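Those protein sequences? They're chains L, H, b, W, V and N, same order as listed. Positions 20 to 200 (the deposited numbering) are the ones given, in order, by the first sequence. Positions 7 to 14, 17 to 28, 41 to 54, 57 to 60, 62 to 85, 88 to 147, 151 to 190 (the deposited numbering) are the ones given, in order, by the second sequence. Positions 44 to 122 (the deposited numbering) are the ones given, in order, by the third sequence. Positions 2 to 130 (the deposited numbering) are the ones given, in order, by the fourth sequence. Positions 7 to 88 (the deposited numbering) are the ones given, in order, by the fifth sequence. Positions 1 to 152 (the deposited numbering) are the ones given, in order, by the sixth sequence. All C-beta atoms in this analysis are idealised placements derived from N, C-alpha and C, irrespective of residue type, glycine included. Each remark here refers to the structure printed beneath this line.
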Amino acid sequence: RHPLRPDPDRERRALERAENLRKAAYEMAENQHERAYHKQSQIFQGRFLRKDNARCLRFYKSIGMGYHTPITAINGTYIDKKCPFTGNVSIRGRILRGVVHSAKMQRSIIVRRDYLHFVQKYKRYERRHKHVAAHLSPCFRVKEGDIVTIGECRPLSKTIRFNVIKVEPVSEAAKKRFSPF
Amino acid sequence: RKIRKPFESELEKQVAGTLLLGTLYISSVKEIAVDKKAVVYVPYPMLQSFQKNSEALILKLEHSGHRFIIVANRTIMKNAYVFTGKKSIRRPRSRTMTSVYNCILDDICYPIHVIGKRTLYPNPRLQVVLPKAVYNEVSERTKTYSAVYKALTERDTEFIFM
Amino acid sequence: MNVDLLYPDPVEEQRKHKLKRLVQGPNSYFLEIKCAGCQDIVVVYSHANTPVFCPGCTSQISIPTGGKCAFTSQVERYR
Amino acid sequence: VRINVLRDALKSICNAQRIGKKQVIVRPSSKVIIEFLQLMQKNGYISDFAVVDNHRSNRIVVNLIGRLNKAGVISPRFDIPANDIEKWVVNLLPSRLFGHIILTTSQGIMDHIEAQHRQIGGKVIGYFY
Amino acid sequence: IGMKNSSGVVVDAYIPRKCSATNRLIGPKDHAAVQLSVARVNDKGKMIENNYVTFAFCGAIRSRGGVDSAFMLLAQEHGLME
Amino acid sequence: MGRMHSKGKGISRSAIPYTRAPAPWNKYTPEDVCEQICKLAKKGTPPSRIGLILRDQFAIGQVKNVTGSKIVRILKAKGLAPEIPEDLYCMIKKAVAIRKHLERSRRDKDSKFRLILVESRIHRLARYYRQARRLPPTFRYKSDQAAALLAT
RNA sequence: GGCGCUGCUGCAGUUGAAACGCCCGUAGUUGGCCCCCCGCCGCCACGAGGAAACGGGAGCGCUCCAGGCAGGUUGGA
Ligand SMILES: [K+]
Ligand SMILES: [K+]
Ligand SMILES: [K+]
Ligand SMILES: [K+]
Ligand SMILES: [K+]
Ligand SMILES: [K+]
Ligand SMILES: [K+]
Ligand SMILES: [K+]
Ligand SMILES: [K+]
Ligand SMILES: [K+]
Ligand SMILES: [K+]
Ligand SMILES: [K+]
Ligand SMILES: [K+]
Ligand SMILES: [K+]
Ligand SMILES: [K+]
Ligand SMILES: [K+]
Ligand SMILES: [K+]
Ligand SMILES: [K+]
Ligand SMILES: [K+]
Ligand SMILES: [K+]
Ligand SMILES: [K+]
Ligand SMILES: [K+]
Ligand SMILES: [K+]
Ligand SMILES: [K+]
Ligand SMILES: [K+]
Ligand SMILES: [K+]
Ligand SMILES: [K+]
Ligand SMILES: [K+]
Ligand SMILES: [K+]
Ligand SMILES: [K+]
Ligand SMILES: [K+]
Ligand SMILES: [K+]
Ligand SMILES: [K+]
Ligand SMILES: [K+]
Ligand SMILES: [K+]
Ligand SMILES: [K+]
Ligand SMILES: [K+]
Ligand SMILES: [K+]
Ligand SMILES: [K+]
Ligand SMILES: [K+]
Ligand SMILES: [K+]
Ligand SMILES: [Mg+2]
Ligand SMILES: [Mg+2]
Ligand SMILES: [Mg+2]
Ligand SMILES: [Mg+2]
Ligand SMILES: [Mg+2]
């Protein structure tokens with residue numbers, strides 16, 4: 020890391036995101052409808068009592084492969100052990116793209132992938148599709164029709180082996196087409 | 007120096025000096053051979072101003090050694106949809122070769138409207157049709173239009189009359 | 044006798060349908076008429092089917108007819 | 002509706018020559034039709050043509066010299082590997098010595114002899130002989 | 007010329023005639039085909055012996071009556087008519 | 001035309017001039033025919049009739065040749081384009097008329113047949129406009145509600 | 001296999017067997033012409049990587065042969 024930190028003079032003020040995260044943590048403590056207190060495993064919970072600010076209050080990482088961390092994950096207040104940026108999982112294996120078929124589950128979506136199958140006797144093709152279940156971190160929000168890029172992780176449920184890592188929005192009320200990519 | 011945009017690239021000084041319309045100025049005069059040698064460029068958002076009085080303007084120039094055409098300065102863009110990072114920017118349709126080369130042949134003879142084009146496949153050539161009534165006042169200017177069009181587009185061109 | 048399709052005779056080309064000509068073109072045209080009581084002159088479409096008035100008159104001076112239109116008591120030209 | 006402009010052009014040309022006409026008009030025009038007529042011309046099967054502009058889909062006027070036994074298109078445009086060309090040659094062509102199958106490849110439009118001269122494949126669009 | 011051997015010799019038995027109008031080959035047993043010849047005067051309104059022009063027409067052009075105009079057009083190209 | 005919902009096969013149409021230029025007698029500038037277009041649109045004239053009036057009174061063959069744009073685009077540029085395009089509006093009007101005729105005459109099956117044809121055309125065109133972003137994504141033709149939307 | 005009597009190449013549907021009584025219409029299939037010199041598919045070519053036997057195929061007289069991998073510096077490409 021050859022270069023070192025150019026000089027803005029509003030940095031320490033702009034770290035008011037510390038009180039932001041702190042009061043979000045203290046709001047989670049008051050929602051007595053919950054049964055478990057949710058917290059990241061990478062973070063002490065004694066760093067919140069301190070005032071010198073010297074220690075970070077939220078954990079995040081980079082996933083590699085030229086995919087950059089969204090700022091909504093860096094400055095969010097949610098808890099997700101299955102989020103690839105702020106949870107306890109990793110991305111490795113195949114990386115694919117598809118379209119959102121359904122977003123009706125809890126932090127889970129269905130993805131529709133399209134492809135062609137050649138039949139040699141008839142010298143022609145047929146159009147085919149498959150459905151893939153994927154995990155949706157709160158740092159993204161999607162609707163049906165949007166393009167997504169998903170990447171492989173370890174097994175996460177009976178049907179899920181992938182995680183949403185990029186979103187390309189698609190306007191509502193547009194003609195739905197084959198769109199293989 | 008107030009009649010041209012470029013400065014200091018100076019083949020014909022005298023055109024700017026003679027042209028001194042008080043609000044108008046030109047750029048980038050050119051010389052094309054082939057007899058009586060020959062093209063004057065103008066900034067695009069003044070063509071409609073220049074073409075207003077252009078029949079009686081070209082006379083007051085044809088500097089008897091040369092012949093003068095008034096054309097607009099037009100940009101041709103290479104790619105449609107340049108993909109710069111995360112987005113694609115769309116090439117304006119007026120900036121293609123097919124549009125600009127069609128505008129040049131219309132501005133080459135502006136007071137007169139061509140009434141037909143054909144492409145002959147004999151090296152392909154272009155045949156341009158004009159109304160017969162105005163056969164005079166173009167008859168002596170046709171070889172200049174053909175040579176200049178080949179110089180600016182490299183298309184063979186012949187002229188016939190309605 | 045030897046006709047060339049690339050340079051048809053205009054006379055026998057005008058008698059064909061406007062669309063199956065070599066280069067499609069309109070059949071209509073404009074023309075000048077003179078008001079029967081006013082010195083001036085107005086330019087009128089040859090296939091009009093909408094009101095056309097005098098500069099002075101309030102009586103409509105055209106009769107729509109399903110083809111070329113006729114006129115009431117006026118004398119015409121071609122430009 | 003109208004789908005294959007090249008098919009209609011070639012049917013019109015074959016009809017006109019079978020009658021014994023000197024010229025024929027085909028409309029509309031297109032880039033593909035001009036490429037097909039250019040190849041037919043360069044092999045010597047037709048004379049001059051002319052594309053006439055109408056600020057629409059243009060017309061073409063074709064001059065005929067009585068050398069065209071048949072011309073057609075292959076729909077759909079099946080793709081052909083380099084080694085299947087000959088299994089197509091003995092299918093469409095009257096012999097192995099004259100006639101032409103036209104392919105589109107990433108090196109342009111070309112006949113089959115040049116396609117095996119550059120040892121590549123492509124997609125078939127038509128044939129004449 | 008006709009078909010050639012691999013060395014350069016024509017291995018063709020005979021060459022059919024071609025139509026002067028439609029360039030089609032005549033072929034044997036096409037008994038509607040006609041060859042005919044025109045005088046080519048050239049000499050003060052009187053013909054010259056054994057100096058003619060000669061055309062041929064296949065049966066397809068005759069079966070529809072196309073020859074009356076095509077023969078005329080062919081003649082106007084050889085300086086025998088106008 | 002006359003061929004989507006019948007066995008017509010008619011070809012009657014207009015063919016515009018090859019040359020794209022003002023008229024020899026054209027005095028008008030774009031800024032002064034835009035004036036007449038906007039005065040006619042404010043008065044309540046539909047865009048297909050504005051072209052008729054400019055053709056028949058002002059001796060202008062094509063508005064595009066004298067301005068460089070088209071009539072509906074100029075209306076849109078001065079904020080005077082309609083909420084609903086003219087052709088869809090006319091089809092809805094004809095549907096309302098046929099339904100109101102059928103309210104007194106329940107034995108007219110020919111009119112019911114033509115009502116079906118008109119409404120099928122309406123749905124197809126509405127889908128076109130919707131996916132093209134010329135109409136709200138929630139636009140829907142409703143037979144029962146169509147009479148009072150014509151006022152707005 | 002004969003069999004183009006299963007037809008992608010490549011059948012038949014007026015009368016031999018066979019065009020729904022007709023109109024609308026979703027899924028599906030198909031869709032004129034135009035900008036070239038960007039991106040993403042398909043497609044074509046060439047590579048990398050993974051099994052032999054079988055199947056092709058270079059060389060070799062189990063006396064020939066079906067074989068086999070021999071052999072007189074070699075070889076199983
Ligand atoms: K988290
Ligand atoms: K695919
Ligand atoms: K497959
Ligand atoms: K399919
Ligand atoms: K689970
Ligand atoms: K599960
Ligand atoms: K599809
Ligand atoms: K006709
Ligand atoms: K007509
Ligand atoms: K008429
Ligand atoms: K129909
Ligand atoms: K009809
Ligand atoms: K018809
Ligand atoms: K009904
Ligand atoms: K109905
Ligand atoms: K419908
Ligand atoms: K309906
Ligand atoms: K539709
Ligand atoms: K519909
Ligand atoms: K309305
Ligand atoms: K069989
Ligand atoms: K078989
Ligand atoms: K067989
Ligand atoms: K059949
Ligand atoms: K039966
Ligand atoms: K039966
Ligand atoms: K029967
Ligand atoms: K049927
Ligand atoms: K059926
Ligand atoms: K039906
Ligand atoms: K239907
Ligand atoms: K339909
Ligand atoms: K459908
Ligand atoms: K579909
Ligand atoms: K199908
Ligand atoms: K499809
Ligand atoms: K279709
Ligand atoms: K491929
Ligand atoms: K290729
Ligand atoms: K092995
Ligand atoms: K060795
Ligand atoms: Mg007509
Ligand atoms: Mg239909
Ligand atoms: Mg029709
Ligand atoms: Mg008509
Ligand atoms: Mg069989």
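{"Asked": "Identify, in the order they occur along the chain, each residue of the same chain with its Cβ nearer than 8 Å to the Cβ of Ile-126 of chain W, setting aside the five sequence neighbours on each side.", "Found": "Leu-7, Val-33, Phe-37, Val-74, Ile-75, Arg-78, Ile-103, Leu-104, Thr-105 and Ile-110"}
{"Asked": "Contact between the stretch 125-141 of chain H and the stretch 159-169 of chain H: three or more CB pairs below 8 Å?", "Found": "yes"}
{"Asked": "Excluding five sequence neighbours on each side, which residues of the same chain lie with their C-beta closer than 8 Å to the C-beta of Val-96 of chain N?", "Found": "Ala-146, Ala-147 and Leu-150"}
{"Asked": "Cα separation between residue 1 of chain W and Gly-100 of chain W?", "Found": "Only positions 2 to 130 of chain W appear in the structure, and residue 1 of chain W is not among them; the question remains open."}
{"Asked": "Against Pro-147 of chain H, what residues of chain W qualify as contacts under a CB-to-CB distance less than 8 Å, listed in chain order?", "Found": "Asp-49"}
{"Asked": "Give the list of continuous beta strand (DSSP E) stretches no shorter than 3 residues that lie fully inside the stretch 32-92 of chain W.", "Found": "50-53, 60-64 and 72-74"}
{"Asked": "Which bits of chain V does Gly-21 of chain W rub up against, with CB to CB less than 7 Å?", "Found": "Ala-27, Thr-28, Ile-67 and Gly-72"}
{"Asked": "Please name the residue in V:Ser-26, V:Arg-70 and V:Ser-69 whose C-alpha comes closest to that of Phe-61 of chain V.", "Found": "V:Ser-26"}
{"Asked": "Could you please tell me which residues of the stretch 98-117 of chain b, in chain order, have their CB closer than 7 Å to any CB of chain W?", "Found": "none"}
{"Asked": "Note down, in chain order, every chain V residue with its Cβ under 7 Å from the Cβ of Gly-67 of chain W.", "Found": "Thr-28, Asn-29 and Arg-30"}
{"Asked": "Applying a beta-carbon distance threshold of less than 7 Å, which residues of chain W neighbour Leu-65 of chain b?", "Found": "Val-53 and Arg-60"}
{"Asked": "Can you pull the chain b neighbours of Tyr-18 of chain N, defined as C-beta to C-beta under 7 Å?", "Found": "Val-66 and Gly-68"}
{"Asked": "Taking the alpha-carbon of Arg-120 of chain H as reference, which of H:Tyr-106, H:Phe-189, H:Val-65 and H:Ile-95 has the nearest alpha-carbon?", "Found": "H:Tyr-106"}
{"Asked": "If we define contact as Cβ-Cβ less than 7 Å, is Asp-32 of chain N a contact residue for chain b?", "Found": "no"}
{"Asked": "For ligand 3, any of its heavy atoms closer than 6 Å to the Cβ of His-136 of chain L?", "Found": "yes"}
{"Asked": "I'd like the span of the beta strand (DSSP E) that includes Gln-155 of chain H, first residue to last.", "Found": "153-158"}
{"Asked": "How about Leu-145 of chain H and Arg-183 of chain H: are their beta carbons less than 7 Å apart?", "Found": "no"}
{"Asked": "Measure the C-alpha to C-alpha separation of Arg-107 of chain N and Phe-113 of chain N and round it to an integer number of angstroms.", "Found": "12 Å"}
{"Asked": "Would you verify that the beta carbon of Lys-142 of chain H is, or is not, closer than 7 Å to some beta carbon of chain W?", "Found": "yes"}
{"Asked": "Between the alpha carbons of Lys-171 of chain H and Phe-189 of chain H, how many angstroms are there, rounded?", "Found": "14 Å"}
{"Asked": "Using only the alpha-carbon positions, how far apart do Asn-92 of chain b and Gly-2 of chain N sit?", "Found": "22 Å"}
{"Asked": "Grouping DSSP H, G and I as helix and E and B as strand, with all else coil, what is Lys-142 of chain L?", "Found": "coil"}
{"Asked": "Would you kindly report the start and end of the unbroken beta strand (DSSP E) that includes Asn-182 of chain L?", "Found": "179-187"}
{"Asked": "Candidates L:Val-151, L:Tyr-134 and L:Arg-31: which alpha carbon is nearest residue 212 of chain L's?", "Found": "The structure shown has nothing for residue 212 of chain L, since chain L only spans 20 to 200."}
{"Asked": "Using the three-state DSSP reduction, which class does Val-125 of chain H fall into: helix, strand or coil?", "Found": "helix"}
{"Asked": "Can the beta-carbon of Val-62 of chain H be found less than 7 Å from the beta-carbon of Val-176 of chain H?", "Found": "yes"}
{"Asked": "Output needed for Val-25 of chain W: all residues of its chain with C-beta closer than 7 Å, excluding positions within five of it in sequence on either side, in chain order.", "Found": "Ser-13, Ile-14, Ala-17, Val-63 and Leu-65"}
{"Asked": "Using a beta-carbon distance cut-off of less than 8 Å, what residues from the stretch 2-27 of chain N approach chain b?", "Found": "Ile-11, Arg-13, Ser-14, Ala-15, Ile-16, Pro-17, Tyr-18, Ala-23 and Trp-25"}
{"Asked": "Quick one: which unbroken beta strand (DSSP E) runs of 3-plus residues sit fully inside the stretch 54-111 of chain L? Chain order, please.", "Found": "none"}
{"Asked": "Is any non-hydrogen atom of ligand 19 found closer than 6 Å to the C-beta of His-56 of chain W, if you look at the structure I gave you?", "Found": "no"}
{"Asked": "Taking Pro-137 of chain N as the query, report the chain L residues whose CB atoms sit under 8 Å from its CB, ordered along the chain.", "Found": "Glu-191 and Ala-192"}
{"Asked": "In the DSSP assignment, find the beta strand (DSSP E) that holds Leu-145 of chain H and state where it starts and stops.", "Found": "141-146"}
{"Asked": "Would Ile-7 of chain V be called buried (16 or more neighbouring beta carbons within 10 Å of its own) or exposed?", "Found": "exposed"}
{"Asked": "According to the neighbour-count rule (16 or more other Cβ atoms, all chains shown, within 10 Å of its Cβ), is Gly-33 of chain V buried or exposed?", "Found": "exposed"}
{"Asked": "At a CB distance below 7 Å, what residues from the stretch 52-80 of chain N approach chain b? Give them in sequence order.", "Found": "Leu-52, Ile-53, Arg-55, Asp-56, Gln-57 and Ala-59"}
{"Asked": "Is it the case that the CB of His-60 of chain b approaches a heavy atom of ligand 9 more closely than 6 Å?", "Found": "yes"}
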